[PDB]
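Below is one structure, written out as structure tokens, with a few remarks after it.
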Ligand SMILES: Cc1cc2c(s1)N=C1N(c3ccc(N4CCOCC4)cc3)CC[C@@]1(O)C2=O
Ligand SMILES: Nc1ncnc2c1ncn2[C@@H]1O[C@H](COP(=O)(O)OP(=O)(O)O)[C@@H](O)[C@H]1O
Ligand code: VO4
Ligand SMILES: [Mg+2]
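Protein chains in written order, with the authors' numbering: chain A, 3 to 199, 215 to 571, 577 to 625, 646 to 809; chain B, 37 to 191.
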């Protein structure tokens, strides 16, 4: 139906293959016994034509003309040409690794990046902008059922919205993936979808909230040029009818360490480079800075420029987002000024006094700029750093500080200002998004920092990778546990199956009492504790006692076998990273600042990791009370190359995500379920005579009678207590029959109209 | 094909159909143009689509419809074939088809919504034909009781 796809416009060839290609696939010959996939050393799996089968081995000729021989256990059956580039992989005759691999590969080769996998969706990063996110495409997806339109992030969004109204339930859209997979892009598309359907309106403000927070919380990393260094859960609130009422953003821990530290091949937060890009020369003047990042110690330890990023154009986007969000002129200045002060703090120099270990300023020029930007007296700032108060009501009793203690405190203060400003911006955005409209339900979109492996992995990477493990286990519990219980709850005949998808071994190791975080938190409460005493406790009760806790063989201190791979961690400074101490004397000066924003930033757990675990636990608890929709992002290659796909990398991701296992439960189970009242209402059209008006049959009985009267395989559905459950594809068939029946009834109604008019005209001729 | 149609209409019915068919003769040659065939099949009680009418005539081009003529003897088996091809559409089937455009709860679709459907979907009807069907159908505010509309066209 190339006419039906014309509503998508220029996006049509990128969402669904042509009607000509579909007809060619239907008429392409195929010998089932000779068309096979064969395991390959170089490519993992290759398509091949069997030449000979003998003595338990198969000799086949590949597409590339090469002759290959394998045992019969390494030969997989190929699906026929009608299943080429299939939109739902749960519909393939044969489901195995090469089939899923090659379906994703072939769809990706036509630039079709979305593909259904039973109850969830998979997306492979194109590394290029495709015209599939136009306003015309948003329009085309509105109201469409999952079967009525090509796979897309907009369809997942719309479907979640439909479930929200029909079940009167909160929904959540959970987007999976390792660093650089496409979680942030897909999160922004979900936001775009719901928003589309001077200070801006709620719709403009929801859209603009991301570019602002990305300037301050995203940074270039080895795996991603725009890496999210904070997690977010955006709730989009809707009223009883389904009108977009409000929105809110919740952010989790920001990676504060990045403000003052960078590895060789990474940058700090985008904002520093955006400011110094000189697109707005007035900002350079206002902040008392230069356009050379190398002049700032805290933000020039790694890279400075990123070929894919135009820091000038991005500064315009950040400034424009501040305008749409409605920050006052004073608030906007304070945001930039505090950022400038953070840069200056890093350049402050200190030296020991003669015959002492006590610190004293090594010049005051830098301190003068930072204090100007913070509306503080620079002499008070320097005295508070070198001589902090012991007691609250006494300014005479002070403790000394060495040069290293002052530098450390300066780092901690710069991070606290930055982090608190980041949290204040979120608070401000939320005040703008709170329309005070009545709200009944919401759809939450989760965008966490993805699984990452660097050359050096610290406490930040452990928390990020643990968050990913907890989220993979949430998918596992939903797909392989709650789904089976859902069948039993509805009275459907079902014998439990153990899918063996359970990450409890690694999760227990990290979060159980006496686990890694428990040992770290325990060592934080001993002032005599060192990195080595922490390393020793970890080894004493986890090495050789847990299979997921290993020593690195070929530097790192321990290795954890995560769901997505083995990661080598280094425990240097973990005790210092887990405590959040500030110089309270300097905090007192910030509270008294004439800069109202800074004074506001400084006006409950014992460690940072305990707060982290609670944020994580609260999120998982909240997600339990929603109907989740999973989007699994996949990177095709590790070089950001558009269109190129490394087979083993994709297979690795499919495996640890449990994609094939998830497709298997959708094939064995009933992935589609409709409430009887909603079924009767939608599909009576198929055979209205089966449910005549004169009978007062209830919704459930009418559905039974209707399904039993149409040409459908009667084994593809089962009756639950409140819903009819369907095997994969039956809803697509019912939807296809509905579309056909509605088209016929319109022409038949027109034929009646034509008949009516011809008979009234004939009546006039008779008289 | 037409030769293979067995005529089932009674002698009385055939004579009445001939009298009705001849009211459409505009030139005195006892023939009608193919373009009038649809109107005569409909006048006699059938409800064929323009596709079914074209099919009985042996799928003639748009020019052949206006230029070629037909005698009652050749039209008669065509009427029989259309009558045998029992135009299946029940009253409830039509209200379910129109119920799709409800938008609201009550059994009433909007005025211009029904006009758009009849004039742009399926076998597109002329604007003037759709206006004739709306013979005092739109209530105040501009809405039509689709259940009542189906009874009206089926009357
Ligand atoms: C539901 C949550 C999501 C989520 C969480 S929580 N946590 C995060 N990130 C983080 C965690 C801990 C630390 N710390 C812990 C203390 O020692 C230093 C590193 C720093 C950043 C950085 C990315 C992140 O926001 C995220 O994606
Ligand atoms: N749908 C997409 N279309 C085009 N490029 C994309 C898409 N999703 C991701 N990318 C590319 O990948 C980059 C990183 O995506 P992103 O979502 O930020 O990864 P992460 O999941 O780490 O947030 C994008 O900046 C862009 O270059
Ligand atoms: O670069 V990520 O959004 O996977 O942290
Ligand atoms: Mg991101």
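Ideal Cβ positions, reconstructed from N, Cα and C, are used throughout, including at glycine.
Does at least one heavy atom of ligand 4 sit under 7 Å from the Cβ of residue i?
i	result
residue 242 of chain A	no
residue 174 of chain A	no
residue 185 of chain A	yes
residue 563 of chain A	no
Between residue i and ligand 3, is the CB less than 7 Å from at least one heavy atom?
i	result
residue 319 of chain A	no
residue 466 of chain A	yes
residue 231 of chain A	no
residue 189 of chain A	no
residue 277 of chain A	no
At a threshold of 7 Å, does residue i count as lining ligand 1 (C-beta to nearest heavy atom)?
i	result
residue 192 of chain A	no
residue 654 of chain A	yes
residue 246 of chain A	yes
residue 477 of chain A	yes
residue 552 of chain A	no
Which same chain residues end up closer than 6 Å to residue i when comparing Cβ atoms and leaving out the 5 residues on each side of it in sequence?
i	result
residue 358 of chain A	387, 390 and 391
residue 713 of chain A	120, 121 and 770
residue 54 of chain B	108
residue 773 of chain A	149 and 714
residue 4 of chain A	21
Identify, in the order they occur along the chain, each residue of the same chain with its Cβ nearer than 8 Å to the Cβ of residue i, setting aside the five sequence neighbours on each side.
i	result
residue 54 of chain A	60 and 61
residue 282 of chain A	239, 319 and 320
residue 546 of chain A	540 and 597
residue 196 of chain A	159, 163, 223, 253, 261 and 460
Tell me which residues share the same chain as residue i and place their Cβ nearer than 7 Å to its Cβ, disregarding the 5 neighbours each side in the sequence.
i	result
residue 729 of chain A	748, 751 and 752
residue 280 of chain A	319, 471 and 473
residue 300 of chain A	292 and 353
residue 771 of chain A	93
residue 195 of chain B	The structure shown does not extend to residue 195 of chain B, since chain B is modelled only from 37 to 191, so the question has no answer here.
residue 758 of chain A	768, 769 and 772
residue 483 of chain A	527
residue 380 of chain A	366
residue 190 of chain B	127
residue 147 of chain A	777
residue 658 of chain A	484 and 487
Please determine whether the Cβ atom of residue i lies at a distance below 7 Å from any heavy atom of ligand 2.
i	result
residue 129 of chain A	yes
residue 675 of chain A	yes
residue 132 of chain A	yes
residue 179 of chain A	yes
Residue i: beta carbon under 7 Å from a heavy atom of ligand 6?
i	result
residue 249 of chain A	Looking at this structure, you won't find ligand 6 anywhere; what it does contain is ligand 1, ligand 2, ligand 3 and ligand 4.
So does the region 450 to 461 of chain A actually touch the region 601 to 618 of chain A, counting three or more Cβ pairs closer than 8 Å?
-> In this structure the region 450 to 461 of chain A does not lie against the region 601 to 618 of chain A, because fewer than three pairs of beta carbons, one per stretch, are closer than 8 Å.
Closer than 7 Å, Cβ to any Cβ of chain A: which residues of the region 157 to 177 of chain B, in chain order?
-> So the list reads 157, 158, 159, 161, 165, 168 and 169, given in the order they occur along the chain.
Counting Cβ pairs closer than 8 Å, one from the region 152 to 161 of chain A and one from the region 648 to 661 of chain A, do we hit at least three?
-> Remark: fewer than three beta-carbon pairs, one from each stretch, lie closer than 8 Å, so the region 152 to 161 of chain A and the region 648 to 661 of chain A are not flagged as touching.
Near-chain A residues of the region 77 to 92 of chain B - C-beta to any C-beta below 9 Å = Listed by position along the chain: 77, 78, 79, 80, 81, 82, 83, 84, 85, 86, 87 and 88.
At a Cβ cut of 9 Å, what residues of the region 129 to 147 of chain B count as close to chain A, listed as they run along the chain?
-> Per Cβ criterion, the list reads 129, 130, 131, 132, 133, 134, 135 and 136.
Compile a chain-ordered list of the residues in the region 95 to 126 of chain B whose CB is closer than 7 Å to at least one CB of chain A.
-> Residues passing the 7 Å Cβ filter: 123, 125 and 126.
Identify each residue in the region 712 to 735 of chain A for which the Cβ-Cβ distance to at least one residue of chain B is less than 8 Å, and report them in chain order.
-> Taking a C-beta cut-off of 8 Å against chain B, the contacting residues of the region 712 to 735 of chain A are 726, 727, 730, 731, 734 and 735, listed in chain order.
Can at least three beta-carbon pairs, one atom from the region 730 to 749 of chain A and one from the region 709 to 721 of chain A, be found at a separation below 8 Å?
-> With three or more CB-CB distances shorter than 8 Å, the region 730 to 749 of chain A counts as touching the region 709 to 721 of chain A.
Anything in the region 52 to 66 of chain B with a Cβ closer than 7 Å to a Cβ of chain A? List those residues in chain order, please.
-> Listed by position, the residues of the region 52 to 66 of chain B near chain A (Cβ gap below 7 Å) are 59.
When you check each C-beta in the region 784 to 797 of chain A against every C-beta of chain B, which residues fall closer than 8 Å?
-> If the cut-off is 8 Å between Cβ atoms, the region 784 to 797 of chain A has 784, 785, 787, 788, 789, 790, 791, 792, 793, 794, 795, 796 and 797 near chain B.
Would you call the region 61 to 72 of chain B and the region 105 to 122 of chain B touching, i.e. three or more CB-CB distances under 8 Å?
-> Because the criterion of three Cβ pairs below 8 Å is met, the region 61 to 72 of chain B and the region 105 to 122 of chain B touch.
Contact between the region 425 to 445 of chain A and the region 606 to 625 of chain A: three or more CB pairs below 8 Å?
-> By the criterion of at least three beta-carbon pairs nearer than 8 Å, the region 425 to 445 of chain A is in contact with the region 606 to 625 of chain A.
Residues of the region 738 to 751 of chain A with a CB closer than 9 Å to any CB of chain B: list them in chain order, please.
-> Those would be none; no residue qualifies.
Could you run through the region 254 to 288 of chain A and flag, in chain order, every residue whose CB is less than 8 Å away from some CB of chain B?
-> Result list empty, no residue passes.
Taking a Cβ distance cut-off of 7 Å, strictly less, list which residues of the region 519 to 541 of chain A are near chain B, in chain order.
-> Within the region 519 to 541 of chain A, no residue qualifies.
Is the region 187 to 194 of chain A in contact with the region 329 to 342 of chain A, if contact means three or more CB pairs nearer than 8 Å?
-> The region 187 to 194 of chain A vs the region 329 to 342 of chain A: no contact.
Touching or not, the region 298 to 312 of chain A and the region 259 to 271 of chain A, by the rule of three or more beta carbon pairs under 8 Å?
-> With a cut-off of 8 Å, the region 259 to 271 of chain A and the region 298 to 312 of chain A do not count as touching, because too few Cβ pairs lie within range.
Relative to chain B, which residues along the region 155 to 174 of chain A have a C-beta separation below 7 Å, given in chain order?
-> So the list is empty, because no residue satisfies the distance condition.
Give a yes or no on contact between the region 392 to 410 of chain A and the region 585 to 595 of chain A, applying the rule of three or more CB pairs nearer than 8 Å.
-> Between the region 392 to 410 of chain A and the region 585 to 595 of chain A there are fewer than three C-beta pairs closer than 8 Å, too few to call the two in contact.
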